[PDB]
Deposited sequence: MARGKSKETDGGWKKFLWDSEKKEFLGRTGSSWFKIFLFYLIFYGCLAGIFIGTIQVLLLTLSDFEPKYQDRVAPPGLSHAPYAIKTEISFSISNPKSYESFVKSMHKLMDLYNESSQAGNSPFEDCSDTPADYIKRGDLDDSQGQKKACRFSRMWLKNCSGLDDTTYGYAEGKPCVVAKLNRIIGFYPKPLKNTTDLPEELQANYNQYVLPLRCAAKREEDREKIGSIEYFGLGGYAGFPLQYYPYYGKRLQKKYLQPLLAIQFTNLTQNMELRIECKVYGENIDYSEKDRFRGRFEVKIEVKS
């Protein structure tokens, strides 16, 4: 033929069949032992998610949400993702004492449901009403963005203490139980309005620590609705929403490390 005879062509097939078969069987074996060394409830390493990311619902083309108020299908793209998220926080999804629980309607302290063990059933998560998100189809004019803190197993988000000076200096400082979120731009051509649990501009600490998908399915993380009823129009406004805390940090590279990058433009 090309290389060899039929007899040789066969033998080279019988070899590579057994050979690659063995190699596949060995590869699988090493994957088995790897998995055997891992927990079902907690990942081996968590230093790469460490400082929590802050992500929002409006799917930004490039950290930007520009549209026209005087146009219907101009914002119907951002309403798709906005709906996708909030559709999960339905009351019909949170039914019965299992696996949900009614928690303080005001920001409270942490809740420990034991260890990362299966020695108990599904760890009961705090309910969250999308109805706590006042004012927010969504904002056809002047968007109503929804913030979110990335989930990390066993992470206890710790707010800053009012020992020294603060950006939003001491205003509504629920020091003990709220992780604040203050959006900014100089360039003050807007109108910041925050909505959340208990009416505070933060995340209620009663939703922590997260026990993971395996130990807490259907779990709901707290949301923080933000509305920009800015009196300006037809210009790119670089708005940055920042979260503050002891366990919260940022990076010049990762522009989502505990903060937002939104470029709103109501070009109408």
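According to the record, C-alpha coordinates are lacking for deposited residues 1 to 24, 161 to 168, 218 to 222.
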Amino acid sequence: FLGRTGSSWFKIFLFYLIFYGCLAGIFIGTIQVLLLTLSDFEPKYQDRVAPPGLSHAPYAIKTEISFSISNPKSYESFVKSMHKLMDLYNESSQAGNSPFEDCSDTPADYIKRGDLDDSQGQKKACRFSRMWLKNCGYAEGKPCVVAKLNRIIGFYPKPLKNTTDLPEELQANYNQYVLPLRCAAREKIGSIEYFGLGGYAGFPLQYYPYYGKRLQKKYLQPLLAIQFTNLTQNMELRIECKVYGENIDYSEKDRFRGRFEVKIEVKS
From here on, numbers count along this sequence of modelled residues.
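Per-stretch averaging of Cα B factors for 239 to 247 and 38 to 46 places 239 to 247 on top. Two stretches are in play, 68 to 76 and 154 to 162, and the higher mean C-alpha B-factor belongs to 68 to 76. Among all modelled residues in its chain, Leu231 ranks in the highest third by Cα B-factor.
In the deposited entry, the Cα temperature factor of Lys148 places it in the lowest third of its chain's modelled residues.
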